[PDB]
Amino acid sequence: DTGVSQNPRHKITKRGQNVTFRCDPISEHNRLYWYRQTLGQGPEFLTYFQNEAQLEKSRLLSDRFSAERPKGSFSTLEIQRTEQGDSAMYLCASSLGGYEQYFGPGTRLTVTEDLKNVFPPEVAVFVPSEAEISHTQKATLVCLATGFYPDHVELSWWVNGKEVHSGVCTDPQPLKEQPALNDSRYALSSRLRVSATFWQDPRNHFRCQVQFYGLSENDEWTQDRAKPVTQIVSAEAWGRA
C-alpha cells in the first residue's frame, strides 16, 4: 500500500464541466498538500493545509480552483469550468512532522472537446515467427492495442491464468495514431518472451489484458455505438508445435 488513498484514479470530462477529487491521507498526519504534474515536467505547488485551516495558496493558481477540508482528515479539490491545459496528474501528500511527505497514486484528468472522442482499445496478439525460433531458439509474442482515447491503460500478461512479470517489456509512452490532431486516438504495444519448447507445447495458454479506464454511470451516452466504460479488453492465443 502507498499509505495515502486518492479517489478517483482516472477521470474524463467535457470542456466547461464541474469535477472534484477526494484525497484520503493517514489518520495521524497533521498536514495535507496539493500538487499538479504535467507530461514530462516537475510537480507545481497549488495549496497546503496544517490541521484545520488552509495556510497558503499559489499565485499562479486559477480562481476556478477551490480546496476544501470538510469534517475529518480528507480534502476535496474542485475545478469550476474545465479548460485546455487542465489535463494533468493531480498529486496529493500528507505530513506528520512534517518531515516526510507520503504521496498517493494521483488522479489522471482528461479534458476532451466531446465525450464521443472516447474509444475502447482493440487488443490483438501476434504469433511468433518461425524464423525467430530457428535462429535464437526462443519465441516472443507481440500484443497490440490500437484506437483508444484517453491514454489511461494498464497492460499485463497472463500465462495459464496467472499474472507473469518475468520476460515482460512494455512501451513507456503510448504513440498517437494521428499526431497532428487534438483529442486523437492512441496505440500501445508489449512483448512477452518464452522458450521455444514452452511455445510449442499446446497445453500452455497465452493471453494479453488491457485495462481501459472509461466513462461512469453519471455520463450521458447518446451515440449509436456502445458506451466506453471502465472495461478490460483481452486477446488470447494457444501454443502450437
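The first residue of the shown sequence is 1; numbering continues from there.
Per the records, residue 182 is among the residues left out by at least a third of the other compared entries, whereas the shown structure includes it. Stretches compared: 180-188, 52-60. Higher mean C-alpha B-factor in the entry: 180-188.
Comparing the deposited coordinates for 109-117 and 165-173, the stretch with the larger average C-alpha B-factor is 165-173. The entry lists a Cα temperature factor for residue 122 that places it in the lowest third of the chain's modelled residues. For residue 42, the recorded CA temperature factor ranks within the middle third of the chain's modelled residues. Split the chain's modelled residues into thirds by C-alpha temperature factor. Residue 149 is in the middle one. When the modelled residues of the chain are ordered by their C-alpha B factor, residue 200 lands in the middle third. Residue-level temperature factors show residue 74 in the highest third of its chain, judged at the C-alpha atom.
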